[PDB]
**Student:** 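To start, I am sharing the structure in question, which I have written as structure tokens.
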Amino acid sequence: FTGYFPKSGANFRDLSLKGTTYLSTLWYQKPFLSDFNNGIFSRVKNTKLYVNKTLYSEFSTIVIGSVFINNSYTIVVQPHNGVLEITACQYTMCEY
Amino acid sequence: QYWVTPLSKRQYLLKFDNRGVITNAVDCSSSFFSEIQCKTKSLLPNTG
Amino acid sequence: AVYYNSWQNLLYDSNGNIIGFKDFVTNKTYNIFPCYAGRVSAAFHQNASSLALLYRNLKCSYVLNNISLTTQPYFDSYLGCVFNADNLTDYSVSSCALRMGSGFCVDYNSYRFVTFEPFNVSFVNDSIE
Amino acid sequence: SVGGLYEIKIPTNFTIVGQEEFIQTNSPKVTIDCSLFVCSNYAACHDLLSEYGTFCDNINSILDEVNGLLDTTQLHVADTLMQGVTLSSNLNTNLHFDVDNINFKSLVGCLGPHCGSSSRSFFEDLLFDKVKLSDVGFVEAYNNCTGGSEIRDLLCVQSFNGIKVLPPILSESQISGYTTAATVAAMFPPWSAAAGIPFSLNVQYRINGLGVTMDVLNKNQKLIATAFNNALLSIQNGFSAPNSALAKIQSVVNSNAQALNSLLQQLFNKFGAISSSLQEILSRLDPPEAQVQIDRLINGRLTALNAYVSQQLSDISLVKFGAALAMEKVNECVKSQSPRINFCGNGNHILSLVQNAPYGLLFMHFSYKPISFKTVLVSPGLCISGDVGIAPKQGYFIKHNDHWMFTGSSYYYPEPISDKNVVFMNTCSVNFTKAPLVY
Amino acid sequence: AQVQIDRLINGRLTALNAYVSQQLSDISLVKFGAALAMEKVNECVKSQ
Amino acid sequence: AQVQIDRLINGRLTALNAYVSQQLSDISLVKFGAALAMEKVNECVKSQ
Amino acid sequence: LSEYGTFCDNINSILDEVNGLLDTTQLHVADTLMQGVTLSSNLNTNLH
Amino acid sequence: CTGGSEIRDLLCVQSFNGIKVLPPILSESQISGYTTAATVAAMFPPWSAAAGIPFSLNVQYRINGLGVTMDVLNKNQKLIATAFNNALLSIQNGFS
Ligand SMILES: CC(=O)N[C@H]1[C@H]([C@H](O)[C@H](O)COC(C)=O)O[C@@](O[C@H](CO)[C@@H](O)[C@@H]2O[C@@](O)(C(=O)O)C[C@H](O)[C@H]2NC(C)=O)(C(=O)O)C[C@@H]1O
Ligand SMILES: *[C@@H]1O[C@H](CO)[C@@H](O[C@@H]2O[C@H](CO)[C@@H](O)[C@H](O)[C@H]2NC(C)=O)[C@H](O)[C@H]1NC(C)=O
Ligand SMILES: *[C@@H]1O[C@H](CO)[C@@H](O[C@@H]2O[C@H](CO)[C@@H](O)[C@H](O)[C@H]2NC(C)=O)[C@H](O)[C@H]1NC(C)=O
Ligand SMILES: *[C@@H]1O[C@H](CO)[C@@H](O[C@@H]2O[C@H](CO)[C@@H](O)[C@H](O)[C@H]2NC(C)=O)[C@H](O)[C@H]1NC(C)=O
Ligand SMILES: *[C@@H]1O[C@H](CO)[C@@H](O)[C@H](O)[C@H]1NC(C)=O
Ligand SMILES: *[C@@H]1O[C@H](CO)[C@@H](O)[C@H](O)[C@H]1NC(C)=O
Ligand SMILES: *[C@@H]1O[C@H](CO)[C@@H](O)[C@H](O)[C@H]1NC(C)=O
Ligand SMILES: *[C@@H]1O[C@H](CO)[C@@H](O)[C@H](O)[C@H]1NC(C)=O
Ligand SMILES: *[C@@H]1O[C@H](CO)[C@@H](O)[C@H](O)[C@H]1NC(C)=O
């Protein structure tokens with residue numbers, strides 16, 4: 001079958017970034033800000049946290065777009081603890 | 001962890017089990033062994 | 001069947017042919033098989049006014065119920081349903097112009113479905129010891 | 001050479017070794033309906049295929065001639081097996097299966113028409129149950145195509161697309177009956193397939209002709225018979241493990257199945273058209289463009305049939321060669337022992353036997369195998385009396401107990417020199433050992 | 001006219017290749033038959 | 001360009017089919033010659 | 001050429017079978033030459 | 001084909017276009033070793049390829065089998081051996 005598939009033997013890049021209070025301006029530039037080309041395949045770890053022994057699911061949100069200005073549609077895929085909210089809107093995206 | 005890799009239009013050998021689940025796959029142009037697997041349409045080609 | 005998930009409704013072989021489906025309305029599952037296709041092996045003798053027909057690998061019930069009805073006599077031979085020939089496999093012939101396979105022949109006087117025995121042992125009644 | 005003598009290893013003990021050889025004498029009789037293969041049920045394809053005219057008549061004619069050659073070849077092989085076979089009507093294989101300590105029960109099936117199709121030996125039963133697609137195998141597989149089974153047999157898909165294997169004109173049960181008759185013709189009088197003499201005597205004379213004295217053969221008759229049926233048992237047990245003859249038999253079925261499956265796969269090749277399916281072309285395009293796409297499929301499928309028919313002609317030529325070799329081996333190894341050294345298998349060939357096999361014949365070649373050797377000093381000739389030369393017949397001259405004696409070349413048994421084991425010459429050649437005291 | 005003539009040329013050339021392949025096979029059988037005839041001359045006629 | 005390349009593919013595949021058919025026919029003659037050579041070794045060199 | 005399907009697989013398969021027949025034939029010829037050959041360990045090319 | 005040769009070998013053009021002759025499974029040197037072994041097997045003991053007797057005696061018995069008396073045949077042994085080696089030399093010189 002011929003389809004949109006990853007190249008076997010190529011390298012995955014862990015683009016997830018965890019911060020506490022400060023955000024580095026370098027996190028919002030190349031190579032983190034990557035070109036989409038035909039597309040991407042994502043292998044995402046479901047970071048299972050616990051509060052009062054109650055399970056919570058967290059993972060990095062991904063945005064896909066072009067200029068990230070409200071003159072353009074940005075697709076956003078965001079988790080909400082078991083609910084995957086997917087939107088494509090003329091968002092006024094932040095600098096950071 | 002959010003591992004990403006680029007996609008491209010590629011030919012793959014997809015193996016489906018008796019319940020329709022893709023259990024194994026081969027990227028045909030990735031290596032010489034993958035080319036043999038796709039040529040013979042099998043995961044373990046005969047000795048040759 | 002139990003292999004159809006929520007988004008799946010068609011079953012395909014390795015060659016891209018549709019071989020099964022799940023009906024979108026009733027959720028009932030069916031396998032699709034090709035309709036029967038085959039040939040008739042007709043044995044003809046120049047002195048005859050008819051033919052002896054062999055439907056290879058088909059039972060006479062199948063031929064009459066699913067292919068075509070006919071008024072000719074018939075019987076289930078080893079090779080398949082035979083029409084317009086008498087079942088005489090107990091008889092044998094050393095020469096045969098209508099060889100049907102597996103040591104069977106069609107002999108014309110009507111047509112007879114007869115065993116073909118081109119070679120036999122020369123027998124003697126002398127002692128074996 | 002020391003003096004006039006050379007060092008030679010002469011056997012001091014021997015055994016009989018059996019060797020299998022499968023010779024393909026037949027192949028599955030593949031028939032294609034060119035019209036049904038190229039066009040299936042589609043009237044728009046059949047109209048165009050008629051404009052290619054005689055291409056399907058050539059495919060059909062060449063395969064009918066090829067199948068006629070296979071049928072003629074099978075009749076010639078059966079004629080060869082039954083040629084000159086004379087049997088006593090008193091012969092009952094249920095009671096008569098061993099003579100002179102040699103057992104043929106496994107090589108001999110029931111004899112006579114009262115059995116029906118049960119005239120197959122234990123040896124042939126053991127050889128046929130390891131091959132699924134024999135003549136009866138193909139008949140049973142095609143019988144199951146209309147049984148309503150959920151199993152999608154590949155032979156049923158091939159036959160519905162016009163690719164069907166027809167049974168041979170003589171069933172493998174008839175050929176096993178012919179090999180059974182040819183086998184019993186060697187064991188009992190008139191011994192019509194064993195030089196007109198008892199089988200044990202024929203084995204003894206064949207071993208003697210290799211250079212073995214008759215004195216050890218007629219006293220070791222029990223050992224020879226036990227070595228012979230042990231060699232036969234070794235051949236039978238050899239089929240329970242990876243075997244070259246059984247693999248050769250299975251290669252006929254595997255190569256035919258691979259060729260037929262490869263021919264069926266041509267119905268899914270697009271040949272540069274929009275689809276390989278005539279239904280998809282006819283449901284997407286009108287006659288002006290559908291005919292262009294259908295013509296691409298017609299040229300591709302007819303090209304595939306011409307290629308398959310060329311391959312089938314080549315393979316059947318190899319099968320005719322193999323069947324000619326099998327007929328020659330029957331006549332010159334089983335019915336008689338032709339003076340050709342490695343024709344009937346390798347080594348010191350004593351005798352050969354034949355059994356039916358799927359699409360061919362299995363020959364069992366029995367050879368004289370030395371077990372232990374003695375290094376001795378031999379003289380290839382002697383100069384005796386008034387310079388008369390003598391050469392040994394199928395043997396050598398030996399100094400045994402400081403006296404000139406003769407021994408066979410294949411078994412060390414020193415015996416006196418006599419006119420029975422000597423070729424005389426009025427003059428002795430140079431380098432013949434001088435022995436004035438002989439005779 | 002070139003399009004129609006090309007269809008005829010391809011058909012006639014395809015048929016010529018099929019005839020040539022059949023002729024090669026038939027002549028191989030004639031060579032085997034002639035070899036058998038020479039063996040029969042040498043081993044049945046000129047000698048026994 | 002696809003129409004032109006398709007004409008070349010059909011011609012080149014037809015040529016390979018013709019060459020393969022000829023090669024099968026020639027190897028049958030080579031097998032026949034090798035059988036004759038093995039027979040001559042056995043019946044003229046190792047024995048007479 | 002990928003839209004033609006198994007044409008190149010068939011050409012490669014037929015040539016591989018033809019070459020397998022040539023290899024098997026060469027082994028049979030070599031086996032025939034070496035069958036039953038016994039030599040003395042005392043043989044020397046420079047003296048005999 | 002990969003050498004810095006100005007000569008355009010037609011075999012290199014064929015191989016670059018996908019047409020190549022592969023070597024046989026057994027080298028011709030191995031087959032020459034087998035024909036050499038088959039030839040020396042007739043000259044010396046145990047004469048495994050000469051009916052178990054010396055080569056000169058095998059030649060003499062083979063000539064006698066044609067209807068030649070053994071007397072002239074064993075008295076002319078050197079003439080027969082020289083005729084045999086002269087025949088072999090004639091075959092070798094015939095290739096020129
Ligand atoms: C992309 C990356 O490299 N990501 C790492 C992150 C950054 O390097 C850091 O944020 C950059 O900062 C800039 C841009 O200025 O450091 C982390 O580790 C910290 C120590 O390095 C972590 O232990 C924190 O340590 C504190 O002292 C503090 O405030 O950093 C107290 C705070 O309570 C505690 N956070 C907790 C409890 O999660 C983190 O998380 O932030 C682990 C992340 O994988
Ligand atoms: C056929 O099967 C589908 C899939 O299970 C059924 O659709 C579901 O119906 C229920 C009840 O209305 C809904 O809660 C689900 O969300 C539906 N799933 C989907 C994927 O649509 C359907 O009802 C079945 N119909 C029949 C006649 O059996
Ligand atoms: C076709 O004829 C044969 C031969 O008469 C039938 O086979 C015999 O059937 C009887 C029972 O009616 C048995 O006792 C015999 O032993 C059978 N002989 C053989 C050679 O098998 C056969 O049944 C007939 N078939 C049909 C459908 O008429
Ligand atoms: C010699 O003749 C005897 C008598 O016919 C044979 O003895 C029989 O041999 C079989 C084995 O083939 C035994 O099962 C029988 O019990 C023997 N019967 C008797 C009465 O002894 C013997 O085989 C013959 N031997 C030879 C070599 O000719
Ligand atoms: C067919 O008819 C001809 C002419 O009467 C006759 O020679 C031939 O023997 C007949 N054969 C049979 C099988 O009836
Ligand atoms: C063989 O069978 C035929 C037909 O039954 C018969 O005519 C012939 O005489 C038989 N063969 C022998 C040797 O009797
Ligand atoms: C054998 O057949 C002949 C000819 O019918 C007869 O003379 C003889 O008596 C028979 N012998 C036996 C034992 O049946
Ligand atoms: C011959 O060999 C067999 C098997 O080794 C042995 O049983 C037998 O006693 C030997 N006979 C002689 C004469 O050495
Ligand atoms: C044919 O079908 C029967 C019944 O399903 C089965 O027992 C048999 O094994 C089948 N044989 C073949 C050759 O398909």
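Each ligand, and each atom within it, is numbered from 1 in the order the structure gives. Note: hydrogens, waters and symmetry copies are ignored here, and every other heavy atom, side chains too, is used. Throughout, protein chains are lettered first and strands after them, A, B, ... in sequence-line order, and every chain is numbered starting at 1.
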**Student:** Can you confirm whether something in the protein, heavy atoms only, sits under 4.0 Å from atom 15 (C) of ligand 2?
**Tutor:**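 No; the ligand atom in question lacks any protein heavy-atom contact below 4.0 Å.
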
**Student:** Where's the contact between C/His45 and ligand 5, heavy-atom distance under 4.0 Å: side chain, backbone, both or neither?
**Tutor:** side chain

**Student:** Determine if the distance from atom 14 (O) of ligand 5 to the closest protein heavy atom is below 4.0 Å.
**Tutor:**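 Given the 4.0 Å limit, the answer for atom 14 (O) of ligand 5 is yes, a protein heavy atom qualifies.
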
**Student:** Under 3.5 Å, is there a donor-acceptor pair between the side chain of D/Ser336 and the main chain of D/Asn331?
**Tutor:**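 The answer is yes, because a donor-acceptor pair under 3.5 Å joins these two groups.
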
**Student:** Scan the protein's non-hydrogen atoms and note whether one is under 4.0 Å from atom 4 (C) of ligand 5.
**Tutor:** no

**Student:** Quick one: does any side-chain atom of D/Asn356 pair with a main-chain N or O of D/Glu172 as donor and acceptor, under 3.5 Å?
**Tutor:**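 Side chain of D/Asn356 to backbone of D/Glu172, a donor-acceptor pair under 3.5 Å: yes, one is there.
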
**Student:** Could you tell me if any non-hydrogen atom of C/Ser122 lies under 4.0 Å from any atom of ligand 6?
**Tutor:**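 Checking ligand 6 against C/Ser122, which is what was asked, there is a heavy-atom contact under 4.0 Å.
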
**Student:** Specify whether A/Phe1 and A/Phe5 have parallel, tilted or perpendicular ring planes, treating 30° as the upper limit for parallel and 60° as the lower limit for perpendicular.
**Tutor:**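 Judged by the thresholds at 30° and 60°, the geometry between A/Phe1 and A/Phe5 is perpendicular.
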
**Student:** Answer yes or no on whether D/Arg120 is positioned over the face of D/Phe128, meaning its NZ or CZ is under 6.0 Å from the six-membered ring centre and within 45° of the axis.
**Tutor:** yes

**Student:** For atom 4 (C) of ligand 2, is some protein heavy-atom partner under 4.0 Å away?
**Tutor:**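 Answer no: nothing from the protein, no heavy atom, is under 4.0 Å.
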
**Student:** Which protein heavy atom lies closest to atom 1 (C) of ligand 6, and at what distance to 0.1 Å?
**Tutor:**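 Nearest protein contact, heavy atoms only, for atom 1 (C) of ligand 6 is C/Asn120 ND2, 1.4 Å.
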
**Student:** Do C/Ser94 and ligand 6 have an N or O pair less than 3.5 Å apart?
**Tutor:**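 So ligand 6 has no N or O lying under 3.5 Å from an N or O of C/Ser94.
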
**Student:** Give a yes/no verdict on a cation-pi contact between D/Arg152 and C/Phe33, requiring under 6.0 Å between NZ or CZ and the six-membered ring centre and an angle within 45° of the axis.
**Tutor:** yes

**Student:** Where is the nearest protein heavy atom to atom 20 (C) of ligand 2: which residue, which atom, and how far?
**Tutor:** C/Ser6 CB, 4.7 Å

**Student:** Got the closest protein heavy atom to atom 6 (C) of ligand 2, with its distance?
**Tutor:**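 Going by distance alone, atom 6 (C) of ligand 2 is nearest to C/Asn27 ND2, 4.2 Å.
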
**Student:** Counting N and O atoms only, with roles assigned by atom type, does the side chain of D/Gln174 sit under 3.5 Å from a partner on the main chain of D/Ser171, one being a donor and the other an acceptor?
**Tutor:**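 Here the side-chain-to-backbone pair exists.
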
**Student:** Show me which atoms of ligand 5 lie under 4.0 Å from any heavy atom of C/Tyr108.
**Tutor:**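 It comes down to these atoms of ligand 5: 13 (C).
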
**Student:** One thing to verify: whether D/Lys29 and D/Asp71 come together as a salt bridge, which I'm taking to mean a side-chain N less than 4.0 angstrom from a carboxylate O.
**Tutor:**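 Here D/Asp71 pairs with D/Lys29 in a salt bridge, since their nearest N and O are under 4.0 Å apart.
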
**Student:** What do you think, any protein heavy atom under 4.0 angstrom from atom 11 (C) of ligand 2?
**Tutor:**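 Given the 4.0 Å cut-off, atom 11 (C) of ligand 2 does not count as touching protein heavy atoms.
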
**Student:** Establish whether atom 7 (O) of ligand 5 and some protein heavy atom are separated by less than 4.0 angstrom.
**Tutor:** no

**Student:** Is it possible for you to check whether D/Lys329 lies under 6.0 Å from the centre of the six-membered ring of D/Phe343, through NZ or CZ, and within 45° of that ring's axis?
**Tutor:**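 Yes - D/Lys329 lies over the ring of D/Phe343, closer than 6.0 Å to its centre and within 45° of its axis.
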
**Student:** What I'd like to find out is whether the side chain of B/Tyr12 reaches to under 4.5 Å of the side chain of A/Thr2, using heavy atoms alone.
**Tutor:**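 Side chain of B/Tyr12 against side chain of A/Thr2, heavy atoms only: no contact under 4.5 Å found.
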
**Student:** By the definition side-chain contact (heavy atoms from CB on, under 4.5 Å), identify the one residue from D/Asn94, D/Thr183, D/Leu91 that meets it with D/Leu111.
**Tutor:** D/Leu91

**Student:** Starting from atom 9 (O) of ligand 5, find the nearest protein heavy-atom neighbour and note its residue, name and distance.
**Tutor:** C/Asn47 ND2, 5.0 Å

**Student:** Protein heavy atoms near atom 26 (C) of ligand 2, is at least one of them under 4.0 angstrom away?
**Tutor:** yes

